[PDB]
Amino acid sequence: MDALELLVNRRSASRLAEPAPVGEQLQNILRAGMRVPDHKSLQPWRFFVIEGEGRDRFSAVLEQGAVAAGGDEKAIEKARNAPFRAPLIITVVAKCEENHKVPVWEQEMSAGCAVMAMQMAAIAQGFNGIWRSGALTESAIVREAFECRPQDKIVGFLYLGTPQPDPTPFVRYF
């Protein structure tokens, strides 16, 4: 599709089904992720592809995180069933350098932009998805599953697959 048309009319999709992006479609999404702005070229991200048996392993981690977080019966099954809302999930970890000339927040911004860049690359190839987070991004069990050091941060669970403009209020002139 047209670049300007996507940038002006980008919409997410939460109801996702097969097929997911695979092969060069998935490779293009990951290429878009690593092309985001990056102060001093630190490349401060890791992209965890979750599909197939990885989806069930992700499900068991989210379930174990919701139990440790003190969820009720509703919350644990929702957490267990959360990964099954898409054929593909990409988890983006901000892999940050501490006490760097670049503050941590700028490196986190780069990782967050990678999430939107990947969702846009999904839409451009005829797919879609939704950037999700929730309280489980802070779960100690989920973080250790994604190899989060203290300075690292889970910025998004990007669900992906096949789905089923007046800026005046925000603009000021300096």
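Residue indices: 1-based, along the sequence shown.
- Counting the unmodelled positions of the deposited sequence between residue 164 and residue 165 gives a gap of 4 to 9 residues.
- As listed in the deposited structure, the average C-alpha B-factor of 119-127 and of 144-152 is greater for 144-152.
- Stretches 27-35 and 66-74 differ in mean CA B factor, with 66-74 having the higher one.
- The PDB entry assigns its highest CA temperature factor, among 54, 134, 112, 44, to 54.
- When the CA B factors of the chain's modelled residues are split into thirds, the value for residue 158 lands in the lowest one.
- Per the PDB record, residue ranking by Cα B-factor puts residue 85 in the highest third of the chain.
- Annotation for residue 7: C-alpha temperature factor in the lowest third relative to the rest of the modelled chain, per the entry.
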